[PDB]
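Given as structure tokens, the chain that follows is alone and in the form deposited in one PDB entry.
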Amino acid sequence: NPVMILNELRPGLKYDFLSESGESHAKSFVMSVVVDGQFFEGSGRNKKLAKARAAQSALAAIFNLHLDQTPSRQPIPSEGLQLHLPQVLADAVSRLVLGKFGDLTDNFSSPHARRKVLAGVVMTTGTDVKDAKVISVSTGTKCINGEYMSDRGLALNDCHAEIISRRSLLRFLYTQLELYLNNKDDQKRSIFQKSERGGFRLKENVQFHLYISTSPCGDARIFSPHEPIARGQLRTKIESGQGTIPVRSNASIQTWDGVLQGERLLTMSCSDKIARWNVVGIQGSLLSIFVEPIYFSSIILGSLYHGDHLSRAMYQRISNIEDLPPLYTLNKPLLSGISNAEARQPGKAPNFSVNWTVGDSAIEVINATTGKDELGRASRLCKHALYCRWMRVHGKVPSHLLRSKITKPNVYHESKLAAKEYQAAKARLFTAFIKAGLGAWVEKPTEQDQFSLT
């Protein structure tokens, strides 16, 4: 018992409360300890849990790691063990994302800070870990409704936190390309190099890490957290409520007029989309025409971390993937929990999704049910807006520099199809899933990406 051992180890220790926050089950107190001259702390929804984790941090830093809680143990990246000890990275990136969220909501006071799932992307450039940078912050645990889907690329289909965070990572990527391409002076400050095999690659040792307040829905979350001692089915988000249900191994594929007479919109679960990302990259098809594949190095969970189930959800379940195009791969990033994981607040989901990318001055708020911002407009994150960025980047890069031949681009879907190797990796991923007994990916009716900018 942590404080008991800490006060039978250096028995004169006095604990300092700093700042209480929240209401009902969403409340947290911060507790601190001074022992052997080092300022420690933990977090917890009641005092005697925050103090317990503060004591655990003290004894970890001085003496030793406590109960080698066995599913609480982190897989490690195949390549890039560069940002030092996995727990120290995990705790750093969760703290960074929580701090940026605080800044973005009047120090957790704005009405938009009441959220169920927080998420974020954090960038490192160095083996040194003190030089991180929060790239994007998002919330949301909800999805557009059948009657609200856009044919003009003007509505966010998925507003779950992880997903919104990735779209903000795409906004950051377009900004970085435009930065490299606006001045020979600014090329030194872009995250991108000219690449030897063509187009752009990331400057060496630039890596991105993904934080989610909880485990992604679907497969990484199908376990009992109080008995950790197994069939990675593709699952789809149920419209209406939070949570997912497994893909039906035989049922008809969606079409645009069918989501308005008999059925709702079937969106893939966040586990599946992250697994997807671990093969095709986090940059999607359109960016791939300009840059070499980008993969996350870390998936840090602020709760419901379980090493086996997350391993399965994120890469192991599709180990059977074959013949990936060049530079694609089965990314096996670092997976970790955090120390003072947050608590389960049993309540109804918020209805808004918050997003912010580094560069912007303020968060943007989206009704996840209509995929529009709460006075009825298109998000900076939506299909149409990203495509607008992409068109502006295409206009500045010579026809030689492209990673794919695409000339005179008009329609979204066709510009996506121009990304031949990425579509190849997409097909390989789909087949891996089918052949593993895990169901077939549900794709949207291709009419909703059938739109020009005009």
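Here the rigid core means the biggest group of C-alpha atoms that line up within 1.5 Å when the two forms are laid on top of each other. The first residue of the sequence shown is number 1, and the count goes up from there.
FYI, the form deposited in another entry isn't displayed, but the following is about it.
Shifts of 2 Å or more in the Cα, rigid core superposed between this form and the one not shown, apply to only one of 320, 82, 182, 329; name it.
Comparing the C-alpha positions, the one residue that moves 2 Å or more is 82.
Residue 413: with the rigid core matched between this form and the one not shown, does its Cα shift 2 Å or more?
No; residue 413 is a residue whose C-alpha shifts by less than 2 Å between this form and the one not shown when the cores are overlaid.
For residue 66, state whether the C-alpha moves by 2 Å or more between this form and the one not shown after rigid core superposition.
Passes the 2 Å threshold, so yes.
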